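Residue numbers (this note's numbering), protein chains in the order written: chain A, 51 to 267; chain B, 1019 to 1234; chain C, 5 to 13.
We put the CB at the ideal spot given by N, CA and C, even for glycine.
What follows is a single structure, written as structure tokens, with notes after it.
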């Protein structure tokens, strides 16, 4: 097989800067003494992959010329000249010169932008979940940057770790932010024995945490 | 103007078999090469099959003798028949039209190879506490719990509330997924105007429309 | 490449 080794794995880049992505083959591709069928695809969050470049350096229709493919021997490069927020996602190289067709492992392009604090909300368990014997308390932490953030759950002023489930969105292709949802799950029986439930969000933007809470009465 | 829609994904036991379809429009199938490419849970892309415009069939060795690509140019559908399914066949399967220096991929259909039971979601409303405060923007949500397999789709007011939505990726715990979705609207519009999360789970043929009611 | 061309060489 033709093995494609793609680097880097993650590529953080600021708006208007240049990103370079490299793909290294295990052999010379040229089919016979004809064309080299090396292609570049982008997958944006929530979408399917789309063609950027074919035969090493041709732009697919409607791809702007700030996308530029080159390469020779075993090294192929995709250069993105003036990165916009919408360029984020996972880039793959691909060869179709020899069967089996193969892809590089991918490069995740991430946009750097200004720091932004999350907007935090808390939600008590619904009466219909209580009925079935479980109790989930939810914090949304919306639209922040950078991605890294910590949530600490407190029940009556003391930390709880067991039963926390956290999930981040991909990076938003508009404002370049992340959001995350944190869910503390307990039994109805344990939920009914405590009053105050708190999530505390700690994040680069403040030395003090953002604290949201409610009382079970 | 090209459309491709894949269908036929869902759950299937190791050893079982499944037939995928790709339903094509705005072009004649026969004039293009049609392929299947899958994306694994680790986000590798892998080529799985091609059929040229002239009808030659091409497969990698990892699926040879198990997978069959075919087309029906009367219904304008391309198929992938899979058998002796294994765990490593778990992936999102895309249908791809190729020709004339162009590629166009459908939205994908998810195939999960697993022994776990098909289970519909429980959908729980997330409404602010009684004593919470105004802000002028109010955030509401939906918690979608206990289902298998992926995917579920979540919309708000049937797609009418599309901005200010964050739908969080599902996470697997045990043999069960959990996901949530938030929506943010002006406080002048809620509760005066209804906000309902619409959850569909095609593998159990289930839809839940949960209205978010203010508490107490 | 059948991903971009109708036949393969």
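Open item on the list: Counting only beta-carbon separations shorter than 9 angstroms, does residue 1114 of chain B have a partner in chain C?
Closed with: Counting from 1 along the second chain, the entry for residue 1114 of chain B is found at position 96. So, interface residue.
Open item on the list: I need the straight-line Cα distance from residue 149 of chain A to residue 1078 of chain B, nearest angstrom please.
Closed with: In the first chain, residue 149 of chain A corresponds to position 99, counting from 1. In the second chain, residue 1078 of chain B corresponds to position 60, counting from 1. If I take the Cα positions, the gap works out to 7 angstroms.
Open item on the list: Just to confirm the assignment, what range does the alpha helix (DSSP H) spanning residue 1194 of chain B have?
Closed with: Along the second chain, read from residue 1 onward, the residue named residue 1194 of chain B stands at position 176. Premise fails: residue 1194 of chain B lies in the beta strand (DSSP E), 1194-1204, not in any alpha helix (DSSP H).
Task: Beta carbon of residue 1141 of chain B nearer than 9 angstroms to that of residue 1103 of chain B - done: Reading the second chain from its first residue, position 123 is the one you call residue 1141 of chain B. Reading the second chain from its first residue, position 85 is the one you call residue 1103 of chain B. One thing to note: residue 1141 of chain B has its Cβ no nearer than 9 angstroms to the Cβ of residue 1103 of chain B.
Open item on the list: List, in chain order, every chain C residue whose beta-carbon is nearer than 8 angstroms to that of residue 81 of chain A.
Closed with: Sequence index remark: in the first chain, residue 81 of chain A carries index 31 (1-based). Near residue 81 of chain A (Cβ distances below 8 angstroms), the residues of chain C are 13.
Task: Where residue 78 of chain A sits in the DSSP three-state scheme - done: Taking the first chain and counting its residues from 1, one reaches residue 78 of chain A at position 28. Residue state, collapsed to three classes: coil.
Open item on the list: Less than 9 angstroms between the C-beta atoms of residue 1024 of chain B and residue 1039 of chain B, yes or no?
Closed with: Along the second chain, one-based indexing puts residue 1024 of chain B at 6. Along the second chain, one-based indexing puts residue 1039 of chain B at 21. Yes. Within cutoff.
Open item on the list: My parser needs the beta strand (DSSP E) runs of 3 or more residues fully inside the segment 1111-1156 of chain B; what are they?
Closed with: 1121-1123, 1127-1131 and 1140-1144
TODO: Identify, in the order they occur along the chain, each residue of the same chain with its Cβ nearer than 8 angstroms to the Cβ of residue 1046 of chain B, setting aside the five sequence neighbours on each side.
DONE: The residue labelled residue 1046 of chain B in the question sits at position 28 within the second chain. The residues are 1091 and 1094.
Open item on the list: Just to make sure I have the definition right: I need the residues of chain B whose C-beta is within less than 8 angstroms of the C-beta of residue 87 of chain A. Which are they?
Closed with: Position 37 of the first chain holds residue 87 of chain A. Contact of residue 87 of chain A with chain B by beta-carbon distance below 8 angstroms is absent, the smallest such distance being about 11 angstroms.
TODO: Mind checking the segment 101-117 of chain A against chain C and listing, in chain order, the residues whose C-beta falls within less than 9 angstroms of any C-beta there?
DONE: Listed in sequence order: 101, 104, 105 and 110.
Open item on the list: Using only the alpha-carbon positions, how far apart do residue 188 of chain A and residue 1199 of chain B sit?
Closed with: One-based indexing of the first chain puts residue 188 of chain A at position 138. One-based indexing of the second chain puts residue 1199 of chain B at position 181. Straight across, the Cα-Cα distance linking residue 188 of chain A with residue 1199 of chain B is about 11 angstroms.
Open item on the list: Quick check on the burial criterion: 16 or more other C-beta atoms within 10 angstroms. Buried or exposed for residue 229 of chain A?
Closed with: Here residue 229 of chain A corresponds to residue number 179 of the first chain, with the count starting at 1. Residue 229 of chain A should be labelled buried.
- [ ] Could you list the residues in the segment 202-229 of chain A with a C-beta less than 9 angstroms from some C-beta on chain B, going in chain order?
- [x] 215, 216, 217, 218, 219, 220, 222 and 229
Task: Within 9 angstroms, strictly: CB atoms of residue 119 of chain A and residue 108 of chain A - done: In the first chain, counting from the first residue as 1, residue 119 of chain A sits at position 69. In the first chain, counting from the first residue as 1, residue 108 of chain A sits at position 58. Cβ atoms of residue 119 of chain A and residue 108 of chain A: closer than 9 angstroms.
Task: Near-chain C residues of the segment 152-166 of chain A (beta-carbon distance less than 9 angstroms), N- to C-terminal order - done: From the segment 152-166 of chain A, no residue has a Cβ closer than 9 angstroms to chain C.
Task: Chain-ordered residues of the segment 1106-1134 of chain B with a beta carbon less than 8 angstroms from chain C - done: Residues of the segment 1106-1134 of chain B with a Cβ closer than 8 angstroms to any Cβ of chain C, in chain order: 1114, 1116, 1117, 1118, 1119, 1120 and 1121.
Task: Cβ neighbour criterion (16 or more within 10 Å) applied to residue 1191 of chain B - done: Here residue 1191 of chain B refers to the residue found at position 173 when the second chain is read from its first residue. Flag for residue 1191 of chain B reads exposed.
Open item on the list: The beta strand (DSSP E) that contains residue 1227 of chain B, what's its start and end?
Closed with: Within the second chain, the letter at position 209 stands for residue 1227 of chain B. Start and end: 1224-1229.
Task: Inter-residue CB distance, residue 1231 of chain B and residue 1149 of chain B (contact presumed, cutoff 8 angstroms) - done: Locating residue 1231 of chain B in the second chain gives position 213, counting from the first residue. Locating residue 1149 of chain B in the second chain gives position 131, counting from the first residue. Rounded, the Cβ-Cβ distance is 16 angstroms, inconsistent with contact.
Task: Partners in chain A for residue 1076 of chain B, counting only beta-carbon separations shorter than 8 angstroms - done: As a working note, residue 1076 of chain B is residue 58 in the second chain. Simply 149.
Open item on the list: Please report the straight-line C-alpha distance between residue 139 of chain A and residue 1216 of chain B, rounded to a whole angstrom.
Closed with: As a working mapping, residue 139 of chain A is identified with position 89 in the first chain. As a working mapping, residue 1216 of chain B is identified with position 198 in the second chain. Distance between the alpha carbons of residue 139 of chain A and residue 1216 of chain B: 27 angstroms.
Task: Extent of the continuous alpha helix (DSSP H) run through residue 177 of chain A - done: Here the question's residue 177 of chain A lines up with position 127 in the first chain. Unbroken alpha helix (DSSP H) run through residue 177 of chain A: 177-181.
Open item on the list: Check this for me: beta carbons of residue 1132 of chain B and residue 1031 of chain B, under 9 angstroms apart or not?
Closed with: Stepping through the second chain from its first residue, residue 1132 of chain B is reached at position 114. Stepping through the second chain from its first residue, residue 1031 of chain B is reached at position 13. Yes. Within cutoff.
Open item on the list: In whole angstroms, give me the CA-to-CA distance for residue 1085 of chain B and residue 151 of chain A.
Closed with: For the purposes of this step, residue 1085 of chain B is taken as the residue at position 67 of the second chain. For the purposes of this step, residue 151 of chain A is taken as the residue at position 101 of the first chain. C-alpha separation (whole angstroms): 16 angstroms.
- [ ] Note down, in chain order, all residues in the segment 114-146 of chain A with a beta-carbon under 9 angstroms from any beta-carbon belonging to chain C.
- [x] 144, 145 and 146
Open item on the list: I'd like to know if residue 1270 of chain B contacts chain A, where contact means its C-beta is closer than 9 angstroms to some C-beta of that chain.
Closed with: Limits of chain B in this structure are 1019 at one end and 1234 at the other, which puts residue 1270 of chain B out of reach.
- [ ] Would you identify the three-state DSSP class for residue 72 of chain A, choosing helix, strand or coil?
- [x] As a working note, residue 72 of chain A is residue 22 in the first chain. Three-state DSSP puts residue 72 of chain A in a strand.
TODO: Tell me, to the nearest whole angstrom, how far the beta carbon of residue 1052 of chain B is from that of residue 1113 of chain B; I am working on the premise that it is less than 8 angstroms.
DONE: By 1-based counting over the second chain, the position of residue 1052 of chain B is 34. By 1-based counting over the second chain, the position of residue 1113 of chain B is 95. Yes, they are in contact, since the Cβ atoms of residue 1052 of chain B and residue 1113 of chain B sit about 7 angstroms apart, within 8 angstroms.
Open item on the list: Within the continuous alpha helix (DSSP H) that includes residue 239 of chain A, where are the two ends?
Closed with: Within the first chain, the letter at position 189 stands for residue 239 of chain A. Element bounds for residue 239 of chain A: 238-241.
Task: Backbone CA spacing between residue 244 of chain A and residue 1143 of chain B [nearest angstrom] - done: Here residue 244 of chain A refers to the residue found at position 194 when the first chain is read from its first residue. Here residue 1143 of chain B refers to the residue found at position 125 when the second chain is read from its first residue. Each residue's alpha carbon lies about 22 angstroms from the other.
Task: Beta-carbon spacing of residue 88 of chain A, residue 126 of chain A below 9 angstroms - done: Here residue 88 of chain A is taken as the residue at index 38 of the first chain, counted from 1. Here residue 126 of chain A is taken as the residue at index 76 of the first chain, counted from 1. Cβ atoms of residue 88 of chain A and residue 126 of chain A: closer than 9 angstroms.
Task: Terminal residues of the beta strand (DSSP E) in which residue 1064 of chain B lies - done: Residue mapping note: residue 1064 of chain B aligns to position 46 of the second chain, counting from 1. First-last of the beta strand (DSSP E) with residue 1064 of chain B: 1063-1069.
Task: Within chain B, partners of residue 192 of chain A - CB distance below 8 angstroms - done: As a position in the first chain, residue 192 of chain A is number 142, starting the count at 1. Against chain B, a Cβ distance below 8 angstroms from residue 192 of chain A picks out 1157, 1184, 1200 and 1202.
TODO: Compute the beta-carbon to beta-carbon distance between residue 164 of chain A and residue 193 of chain A, rounded to the nearest angstrom, for a pair I have assumed lies under 8 angstroms.
DONE: Start at 1 with the first residue of the first chain, and residue 164 of chain A comes out as number 114. Start at 1 with the first residue of the first chain, and residue 193 of chain A comes out as number 143. Not quite, the Cβ-Cβ distance comes to about 12 angstroms (not below 8 angstroms), so this is no contact.
- [ ] Could you name the residues of the segment 168-191 of chain A whose beta carbon sits closer than 9 angstroms to any beta carbon of chain B, in the order they occur along the chain?
- [x] 169, 171, 172, 173, 174, 175, 176, 177, 178, 179, 182, 184, 186, 188 and 190
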